[PDB]
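For reference, the chain that follows is the form deposited in one PDB entry, supplied as structure tokens.
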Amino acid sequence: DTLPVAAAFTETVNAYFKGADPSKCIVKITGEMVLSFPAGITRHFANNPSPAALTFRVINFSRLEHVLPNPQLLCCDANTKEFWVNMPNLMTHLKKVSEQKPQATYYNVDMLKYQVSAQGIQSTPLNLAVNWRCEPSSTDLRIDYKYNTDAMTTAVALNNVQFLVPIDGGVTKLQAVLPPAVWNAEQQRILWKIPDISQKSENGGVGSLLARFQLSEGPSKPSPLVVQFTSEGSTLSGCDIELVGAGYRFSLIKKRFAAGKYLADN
């Protein structure tokens, strides 16, 4: 029989924006490549103590710096890299987890940890630019965002996007909010939630968040906007995976990315 196997690329994009100046944008993208095996394998490997070699290739591998291969399972060319998995250590590992997690239907294993070479604001899926105008008893906030297709290999939506920003100065009331937000009085912060941002969004993916605050113990000190969002269907790196040799097929290759530490200063 030929064994089903699964694969996931999961990337975190960290970004820091400074006012409206793109040159001052610091970006850092990291990722994990994970393989997954179905329970059956244990039995399967019991059948055969000399199984078919698990060998794969990463495509667009040159887009990665700082690559750490799983020390127990790997590592010992230009734009592709090939790997031969250590089968005795994998069989061992998978036996151990199966014995401790007997009701598990599948087992994930970390294969590769890496960085993705990122070139400034171009590598960033949600361009951001914040401006504060802080008056003694007043405060105006503006956030400008632009969905950026260039950052990702295939054009995919950004989901569950959150814009959180703390507001100093002793806020007493907010006016002129657009689109609607939520005020958290206890933490003294404002939160905008947008369910989806894509090319097929209300405005092409490009829009503004506005707010005005009245103060009693002003003026307020500008604070970092923190952003959250996830995404399924595409990498930032452009990596894919191929199986080389016989004995296994990919049942599924999951690609996805997410905001990690994603901020905007004044």
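Residues that one form lacks are left out of the comparison. Whichever C-alpha set is largest while still superposing within 1.5 Å between the two forms counts as the rigid core. The first residue of the sequence shown is number 1, and the count goes up from there.
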key: Residues with no coordinates between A185 and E186, taken from the deposited sequence as a class   = none
task = May I ask you to compare 35-43 and 213-221 by their mean CA B factor in the entry and name the higher one?
result = 213-221
task = Going by the average Cα B-factor in the PDB entry, point out whether 204-212 or 66-74 comes out higher.
result = 204-212
request  = Among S123, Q162, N86, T172, single out the one with the highest C-alpha B factor in the record, please.
outcome  = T172
ask   = When the CA B-factors of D168, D110, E82, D144 are compared as recorded in the entry, which is the largest?
value = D168
ask   = When the modelled residues of the chain are sorted by Cα temperature factor, does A20 land in the lowest, middle or highest third?
value = middle
Within-chain third of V13 by Cα B-factor, per the entry = lowest
request  = Can you work out whether the C-alpha temperature factor of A246 puts it in the lowest, middle or highest third of the chain?
outcome  = highest
Ranked C-alpha temperature factor of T235 among modelled chain residues, by third = lowest
query = Lowest, middle or highest third: where is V116 by C-alpha B factor in its chain?
reply = lowest
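From this point on, the text means the form deposited in another entry, which you will not see here.
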Position that moves between this form and the one not shown after core superposition, taken from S208, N47, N203, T230, with Cα shift of 2 Å or more = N47
ask   = Do the C-alpha atoms of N48 and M33 sit closer or farther apart in the other entry than they do here, given a shift of 3 Å or more?
value = farther
task = Have a look at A46 and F56: in the other entry, are their Cα atoms closer together or farther apart than in this form, given the change is 3 Å or more?
result = closer
note = On a rigid core fit between this form and the one not shown, runs of three or more residues in which every CA shifts by 2 Å or more occupy 45-50, 99-103
